[PDB]
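Peer 1:
There are 2 protein chains.
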Amino acid sequence: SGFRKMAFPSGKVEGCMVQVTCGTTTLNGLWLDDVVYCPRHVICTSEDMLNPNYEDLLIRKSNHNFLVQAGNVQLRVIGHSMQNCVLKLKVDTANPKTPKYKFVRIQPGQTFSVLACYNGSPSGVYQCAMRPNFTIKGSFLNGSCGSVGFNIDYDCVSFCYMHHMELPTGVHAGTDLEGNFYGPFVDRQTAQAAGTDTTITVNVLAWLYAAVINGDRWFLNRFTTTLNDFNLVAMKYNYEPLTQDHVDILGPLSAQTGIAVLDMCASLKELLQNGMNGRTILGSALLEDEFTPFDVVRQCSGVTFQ
Amino acid sequence: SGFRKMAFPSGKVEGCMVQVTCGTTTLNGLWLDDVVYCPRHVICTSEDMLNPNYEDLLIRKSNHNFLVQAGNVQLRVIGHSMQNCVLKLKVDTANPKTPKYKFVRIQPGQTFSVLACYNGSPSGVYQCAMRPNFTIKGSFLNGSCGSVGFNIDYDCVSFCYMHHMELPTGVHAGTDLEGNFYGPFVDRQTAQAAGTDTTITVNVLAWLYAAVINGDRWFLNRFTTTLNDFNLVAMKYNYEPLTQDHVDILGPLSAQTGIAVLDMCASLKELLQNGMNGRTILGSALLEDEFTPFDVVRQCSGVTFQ
Ligand SMILES: *[C@H](O)[C@H](C[C@@H]1CCNC1=O)NC(=O)[C@H](CC(C)C)NC(=O)c1cc2c(OC)cccc2[nH]1
Ligand SMILES: *[C@H](O)[C@H](C[C@@H]1CCNC1=O)NC(=O)[C@H](CC(C)C)NC(=O)c1cc2c(OC)cccc2[nH]1
Numbered sequence: 001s002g003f004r005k006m007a008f009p010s011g012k013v014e015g016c017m018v019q020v021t022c023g024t025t026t027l028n029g030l031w032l033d034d035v036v037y038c039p040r041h042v043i044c045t046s047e048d049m050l051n052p053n054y055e056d057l058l059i060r061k062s063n064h065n066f067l068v069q070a071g072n073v074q075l076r077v078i079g080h081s082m083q084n085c086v087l088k089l090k091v092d093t094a095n096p097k098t099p100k101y102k103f104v105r106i107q108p109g110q111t112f113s114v115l116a117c118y119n120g121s122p123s124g125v126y127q128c129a130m131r132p133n134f135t136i137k138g139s140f141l142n143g144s145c146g147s148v149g150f151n152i153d154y155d156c157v158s159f160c161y162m163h164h165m166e167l168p169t170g171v172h173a174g175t176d177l178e179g180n181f182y183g184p185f186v187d188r189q190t191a192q193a194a195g196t197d198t199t200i201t202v203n204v205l206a207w208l209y210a211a212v213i214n215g216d217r218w219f220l221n222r223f224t225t226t227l228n229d230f231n232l233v234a235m236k237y238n239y240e241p242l243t244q245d246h247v248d249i250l251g252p253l254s255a256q257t258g259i260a261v262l263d264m265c266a267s268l269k270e271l272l273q274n275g276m277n278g279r280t281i282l283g284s285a286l287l288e289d290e291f292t293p294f295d296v297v298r299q300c301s302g303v304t305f306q
Numbered sequence: 001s002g003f004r005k006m007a008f009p010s011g012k013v014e015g016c017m018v019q020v021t022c023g024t025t026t027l028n029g030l031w032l033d034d035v036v037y038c039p040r041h042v043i044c045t046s047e048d049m050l051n052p053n054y055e056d057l058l059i060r061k062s063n064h065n066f067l068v069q070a071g072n073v074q075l076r077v078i079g080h081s082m083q084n085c086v087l088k089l090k091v092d093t094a095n096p097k098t099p100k101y102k103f104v105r106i107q108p109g110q111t112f113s114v115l116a117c118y119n120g121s122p123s124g125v126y127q128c129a130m131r132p133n134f135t136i137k138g139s140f141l142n143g144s145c146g147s148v149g150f151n152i153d154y155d156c157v158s159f160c161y162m163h164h165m166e167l168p169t170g171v172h173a174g175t176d177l178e179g180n181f182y183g184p185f186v187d188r189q190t191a192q193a194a195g196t197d198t199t200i201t202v203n204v205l206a207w208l209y210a211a212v213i214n215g216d217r218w219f220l221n222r223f224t225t226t227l228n229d230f231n232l233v234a235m236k237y238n239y240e241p242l243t244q245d246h247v248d249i250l251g252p253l254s255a256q257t258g259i260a261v262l263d264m265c266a267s268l269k270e271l272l273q274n275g276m277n278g279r280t281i282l283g284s285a286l287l288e289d290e291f292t293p294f295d296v297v298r299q300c301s302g303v304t305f306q
């Protein structure tokens with residue numbers, strides 16, 4: 001029992017992290033097979049970095065303008081190219097620690113682990129969600145760009161996130177590993193605004209089931225509701241609409257606990273209108289929305305990887 | 001910016017995890033150099049465990065009664081012995097992935113990362129604190145025993161925790177790697193009660209400084225307090241006493257921010273008497289107590305390892 005914000009074990013990813021230096025800019029890269037992926041804003045100087053033309057900036061570089069250090073070992077770069085907002089540096093050596101891996105684009109509401117890095121070195125690992133406004137609520141300092149977000153499925157690392165930007169609200173923005181940003185952000189040195197964020201309703205309900213599964217039931221009631229009556233209250237409280245999709249993939253949890261999805265919706269409604277009256281759920285005084293239904297099943301039944 | 005509950009990167013520990021089987025009981029062990037460490041209740045049969053005599057049970061075992069699997073590879077046990085609540089299994093092969101490592105016993109209030117495992121395989125990693133009642137608020141299913149908790153300083157893993165027990169309140173109890181329990185718990189199949197828990201006052205204060213550093217200042221006040229007038233209110237609210245040792249360890253954070261420790265104590269005082277009035281701090285509606293001052297400095301300055 002117990003329920004924690006849990007991250008994937010990070011060993012397959014640590015063995016891929018490297019340092020990339022172009023000029024006086026240093027950040028992190030990802031070494032897979034004979035390729036190193038990093039944020040393209042590594043080729044910027046502080047002046048380019050206000051409104052660069054990256055095509056121009058990259059035409060002006062050669063392979064020798066990029067220093068890639070895998071620990072002590074300096075890797076020799078033999079090619080480079082840009083794919084959207086990421087640079088791809090071809091090196092003369094395949095990474096012997098390359099895991100099985102995929103590149104994946106996640107949707108809003110899905111979670112992943114972030115291995116925050118500096119100068120090529122892991123500093124820590126935490127779990128995050130892609131918010132509905134396509135930002136992430138991260139923990140990132142200067143030098144962290146090029147840290148990756150990932151999931152592990154069985155034996156395979158699925159990379160889904162590379163870090164580029166911090167917004168003025170203190171939240172974070174990035175791309176997938178093909179360099180396409182999540183949301184409407186650009187890799188320039190400008191103050192950029194995110195859309196209004198919303199609560200991931202389906203994850204709140206999943207966490208409510210983790211609660212029940214761990215013996216927190218005080219918030220349950222004898223009532224039920226229709227999906228339409230529930231979304232009416234959801235809009236009032238800045239929650240994402242609940243779909244039938246969403247209802248369905250909560251089925252496993254609903255069945256495990258005996259509580260229909262729309263009974264649990266009725267408890268969320270009363271929690272929303274009445275608050276928590278100084279009580280807690282799974283150790284929190286807020287409705288938590290960064291666990292998916294599969295996160296909840298994984299943890300409340302001990303799925304392993306290797 | 002941003003502030004998350006961050007665990008250490010887990011790869012140095014992942015490469016030490018193995019599976020141990022005696023009879024039909026399977027759990028996790030830790031392989032360092034040519035020794036495998038695991039909970040001694042692996043030698044129990046389901047009936048032995050209401051109140052076993054482990055010295056009797058172990059004298060009844062031979063090396064061949066232990067199956068140790070490092071993945072596919074079965075390791076030969078060449079010796080065995082018990083140290084308090086852990087078994088030490090001599091194997092004929094030194095682990096090639098053995099990190100620099102220490103064994104450390106931690107105090108209450110200190111934090112560590114847990115690599116939860118099943119059948120030898122990493123499932124996830126999260127950060128915990130040793131509570132003042134010597135329990136941890138973990139997430140552990142059947143099969144998790146022998147999972148370890150740890151810190152990393154530079155290149156060295158300091159193991160501090162090995163998992164054995166779940167208490168009926170849903171929190172967890174275990175040993176150091178010399179097999180001595182934290183708190184008054186024993187490894188048998190009985191309902192065991194932990195003392196009342198208290199809040200780690202020094203960690204709350206550090207976390208208040210993490211807040212300020214990240215731009216949450218709403219809770220600050222013009223006031224100050226004496227360490228004793230502050231400790232009077234704390235006892236009333238089940239907070240641990242603040243010492244001058246604690247005051248001293250908050251020096252760096254106090255200095256980074258410009259806020260004297262006892263000005264911040266006067267802010268914690270008002271939060272306890274008046275609550276947070278529907279506000280949050282660092283995304284939490286409760287006062288968080290599982291960050292030490294050095295967790296806060298590390299994360300808010302990007303300290304790395306290797
Ligand atoms: C790379 O490591 C870094 C990550 C960033 C630093 C602090 N915490 C983080 O997550 N990325 C940057 O510094 C990028 C560089 C651009 C060119 C891609 N810049 C931003 O994140 C950024 C720039 C501005 C800004 O311009 C004056 C105003 C306000 C916010 C802001 N953020
Ligand atoms: C080992 O893997 C397992 C870990 C434990 C199982 C479920 N969640 C966990 O953290 N450890 C145990 O099962 C131990 C074994 C003894 C022999 C050390 N037993 C308990 O944790 C335990 C037994 C009882 C109990 O009696 C049956 C009543 C109430 C609580 C409780 N906890």
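Protein chains in written order, with the authors' numbering: chain A, 1 to 306; chain B, 1 to 306. Just so you know, even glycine gets a beta-carbon here, dropped at the ideal spot from N, CA and C.
1) Looking at chain A, which residues of the stretch 131-144 of chain B have a Cβ within less than 8 Å of any of its Cβ atoms?
2) CA-CA distance, B:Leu282 and B:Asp56?
3) When you compare the CB of A:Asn119 with every CB in chain B, is at least one pair closer than 8 Å?
4) Hey, which unbroken runs of the alpha helix (DSSP H) at 4 residues or more fall wholly within the stretch 19-97 of chain B?
5) With a threshold of 16 other CB atoms inside 10 Å of the CB of A:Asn238, please say whether the residue is buried or exposed.
6) What are the boundary residues of the beta strand (DSSP E) that A:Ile249 is part of?
7) Assuming B:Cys38 contacts B:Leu50 under a Cβ cut-off of 8 Å, what Cβ separation, rounded to an integer in Å, is found between them?
8) Answer yes or no: do B:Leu89 and B:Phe103 have a C-beta to C-beta separation smaller than 8 Å?
9) Starting from the beta carbon of B:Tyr126, find every residue of chain A whose beta carbon is closer than 8 Å, and list them in chain order.
10) Throw me the rounded Cβ distance for the B:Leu115 and B:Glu14 pair, which I believe falls under 8 Å.
11) I believe A:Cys160 touches A:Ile106 by the beta-carbon criterion, under 8 Å. Please report the beta-carbon distance rounded to the nearest angstrom.
12) Can B:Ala194 and B:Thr169 be called in contact, C-beta distance under 8 Å?
13) Can you check which of these residues, B:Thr93, B:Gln74, B:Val68, B:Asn63, is closest to B:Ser81 by C-alpha distance?
14) Mapping the DSSP letters down to three states, classify A:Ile213 as helix, strand or coil.
15) What residues from chain B crowd round A:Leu115, counting only those whose CB sits closer than 9 Å?
16) Are the Cβ atoms of B:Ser10 and A:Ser10 separated by less than 8 Å?
17) Residues in its own chain within less than 8 Å of A:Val35 by CB, not counting five upstream and five downstream?
18) Quick check: the Cα distance between B:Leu271 and B:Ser113, rounded to an integer number of angstroms?
19) Along chain B, which residues have their Cβ under 8 Å away from the Cβ of A:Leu27?
20) Could you tell me which chain A residues have their CB closer than 8 Å to the CB of B:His172, listed as they occur along the chain?
21) Would the stretch 184-194 of chain B count as touching the stretch 241-256 of chain B if we require 3 or more Cβ pairs under 8 Å?
22) So, is A:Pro132 buried or exposed, given that buried needs 16 or more other C-beta atoms within 10 angstroms?
23) Please confirm whether any heavy atom of ligand 1 lies closer than 7 Å to the CB of A:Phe140.
24) Among A:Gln110, A:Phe150, A:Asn214, which residue has its Cα nearest to the Cα of A:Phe8?
25) Quick check on this structure: which residue in B:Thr196, B:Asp197, B:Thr198, B:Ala260 has the alpha carbon closest to the alpha carbon of B:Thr225?
26) Does the beta-carbon of B:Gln189, which I'm using as the reference point, lie nearer than 7 Å to any heavy atom of ligand 2?
27) For B:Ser123, decide whether its Cβ has a neighbour in chain A, counting only Cβ atoms nearer than 8 Å.
28) For A:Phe223 and A:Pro293, I'd like the C-alpha separation in whole angstroms.
29) Check whether the Cβ of A:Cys38 sits closer than 7 Å to any heavy atom of ligand 1, and report yes or no.
30) Check whether the Cβ of B:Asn214 lies closer than 8 Å to any Cβ atom in chain A.
31) Check A:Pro293 in the structure and name its three-state DSSP category.
32) Any heavy atom of ligand 1 inside 7 Å of the beta-carbon of A:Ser144?
33) Quick one, which residues of the stretch 270-302 of chain A are near chain B if we go by CB-CB under 9 Å, in chain order?
34) State yes or no: is the beta carbon of A:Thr199 nearer than 8 Å to at least one beta carbon in chain B?
35) Using a Cβ-Cβ cutoff of less than 6 Å, which residues in the same chain neighbour B:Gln19 once the five nearest sequence positions on both sides are dropped?
Peer 2: This is what the structure gives:
1) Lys137, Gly138, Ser139, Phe140, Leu141, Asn142, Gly143, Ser144
2) 52 Å
3) yes
4) 54-59
5) exposed
6) No beta strand (DSSP E) contains A:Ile249, which is instead part of the alpha helix (DSSP H) from 244-249.
7) At roughly 21 Å, the Cβ-Cβ gap does not stay under 8 Å, so B:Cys38 and B:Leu50 are not in contact.
8) no
9) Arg4, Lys5, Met6, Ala7
10) 7 Å
11) 5 Å
12) yes
13) B:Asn63
14) helix
15) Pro9
16) yes
17) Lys88, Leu89, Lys90, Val91
18) 29 Å
19) None at all; the shortest Cβ gap to chain B is about 12 Å.
20) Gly2
21) no
22) buried
23) yes
24) A:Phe150
25) B:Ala260
26) yes
27) yes
28) 22 Å
29) no
30) yes
31) helix
32) yes
33) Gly275, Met276, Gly278, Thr280, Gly283, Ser284, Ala285, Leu286, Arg298, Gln299, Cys300, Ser301, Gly302
34) no
35) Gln69, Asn119, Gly120
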